[PDB]
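Report on one structure; see the data block that follows.
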Amino acid sequence: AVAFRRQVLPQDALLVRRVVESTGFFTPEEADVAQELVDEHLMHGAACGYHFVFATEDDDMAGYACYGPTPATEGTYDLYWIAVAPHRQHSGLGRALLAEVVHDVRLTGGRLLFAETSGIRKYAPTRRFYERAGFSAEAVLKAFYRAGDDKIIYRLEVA
Amino acid sequence: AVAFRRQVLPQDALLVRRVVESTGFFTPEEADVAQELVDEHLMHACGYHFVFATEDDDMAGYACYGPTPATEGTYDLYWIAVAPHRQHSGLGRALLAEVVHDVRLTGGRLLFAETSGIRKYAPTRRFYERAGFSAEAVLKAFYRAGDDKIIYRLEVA
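So the sequences go chain by chain: B and A.
The opening position of the first sequence corresponds to residue 18 in the authors' numbering, with each subsequent residue numbered one higher.
Residues 18 to 61, 64 to 176 (the authors' numbering) make up the second sequence, in order.
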């Protein structure tokens with residue numbers, strides 16, 4: 018039984034870091050960012066503009082999604098990432114976490130949810146995930162991250 | 018007698034707001050944001068840089084830009100604003116040239132700029148187009164219903 022929680026607790030910053038570290042898609046610098054967002058929500062609240070949906074089983078965090086409203090826009094949101102622990106990864110939890118983010122974005126009047134990823138081979142699964150969830154590749158910024166590493170911007174119309 | 022400066026002084030937060038106010042293009046809250054960025058630089064480092072254009076004791080214009088997080092050599096041009104008495108005199112292009120020079124010197128590769136596709140932003144669009152930027156992406160209805168975001172790309176090296 019997976020439970021979805023939106024309230025950020027003090028235990029979360031480190032639990033998120035461990036989730037992020039278990040996936041292999043986060044360099045230490047990226048895992049630092051992942052944890053910092055949880056801490057800023059603890060040191061401010063909703064004010065930081067970072068929202069979370071944590072998937073838990075017992076006292077363990079199976080995975081989570083991080084998202085927020087896009088600055089200077091009306092009804093546009095960014096999905097920062099969905100991270101699931103390796104042992105809960107072929108469980109449909111990723112799609113469940115995205116469904117919850119979409120529910121939340123719809124409730125606050127959102128029209129769009131954007132996700133950005135890399136165009137390299139390693140990110141092929143992530144792109145499939147987004148495409149299977151109904152996101153459409155709307156923009157490609159060539160060599161955005163580095164030579165040969167393009168940024169692909171995926172769009173999901175929510176309303 | 019135009020000079021270029023990059024050290025953020027306490028006095029600049031208000032001068033920048035005034036450059037933004039002088040144009041008559043932005044809301045008082047948009048001017049608030051511009052002033053806030055200058056102030057946030059003074060208190061930090065904060066991820067962005069400035070190039071101020073000045074004629075005598077007055078700020079004629081400025082540019083605000085910074086490195087794109089999580090990229091190697093990608094930069095974002097946040098804002099370039101020139102006062103009405105500096106408009107159409109090439110100060111905007113000159114400020115953009117300074118940003119591009121500073122970005123190239125830090126080993127930068129790309130400079131992106133973003134604007135709206137609404138009627139009011141046509142001059143901004145033309146300015147970037149005239150400067151060598153190419154429209155690489157359009158995210159439809161991005162800022163609000165019917166207001167698309169155009170992402171402009173400038174290869175600097």
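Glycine included, each C-beta is placed from N, C-alpha and C at the ideal position.
Worksheet item: Is DSSP giving residue 51 of chain B helix, strand or coil here?
Response: helix
Worksheet item: Is there a Cβ from chain B that is less than 8 Å from the Cβ of residue 89 of chain A?
Response: yes
Worksheet item: Can you name the residues of chain A whose CB is closer than 9 Å to the CB of residue 40 of chain B?
Response: Ordered by position in chain A, no residue passes the 9 Å Cβ test against residue 40 of chain B, which lies about 16 Å from the chain.
Worksheet item: Buried or exposed: where does residue 172 of chain B fall if 16 or more other Cβ atoms within 10 Å of its Cβ makes it buried?
Response: buried
Worksheet item: Among the residues of its own chain, which have a CB less than 7 Å from the CB of residue 162 of chain B, if the five just before and after it don't count?
Response: 135, 168
Item to complete: Tell me, please, whether the CB atom of residue 66 of chain B is closer than 8 Å to any CB atom in chain A?
Response: no
Fill in: Sub-8 Å separation of residue 36 of chain A and residue 102 of chain A beta-carbons
yes
Discussion item. What are the residues in the stretch 139-166 of chain B lying within 9 Å of chain A by C-beta distance?
Written reply: 155, 156, 157, 158, 159, 160, 161, 162, 163, 164, 166
Fill in: Closer than 8 Å at the beta carbon, the chain B residues around residue 93 of chain A
161, 162
Worksheet item: Quick one: what does DSSP say residue 39 of chain B is sitting in, helix, strand or coil?
Response: helix
Discussion item. Using a Cβ-Cβ cutoff of less than 6 Å, which residues in the same chain neighbour residue 74 of chain B once the five nearest sequence positions on both sides are dropped?
Written reply: 19
Discussion item. Suppose contacts are defined by Cβ-Cβ distances below 8 Å. Is residue 66 of chain A in contact with residue 92 of chain A by that definition?
Written reply: no
Worksheet item: Is the Cβ-Cβ distance between residue 68 of chain A and residue 22 of chain A less than 8 Å?
Response: no
Worksheet entry | Contact with chain A by residue 170 of chain B, beta-carbon distance below 8 Å | yes
Discussion item. Check whether chain E comes within 8 Å of residue 30 of chain A, counting only Cβ atoms and requiring the distance to be less than that.
Written reply: In the structure shown, chain E cannot be found, because the protein chains are B and A.
Discussion item. Residues in the same chain with beta-carbon distance under 6 Å from residue 158 of chain A, minus the five sequence neighbours each way, listed in chain order, please.
Written reply: 168
Practice prompt. Use the C-beta contact count for residue 99 of chain A: other C-beta atoms within 10 angstroms, 16 or more gives buried, fewer gives exposed.
Written response: buried
Item to complete: Inspect the beta-carbon positions of residue 50 of chain B and residue 84 of chain B and report whether they are closer than 8 Å.
Response: no
Worksheet item: How many Å lie between residue 33 of chain B and residue 151 of chain B at the Cα?
Response: 26 Å
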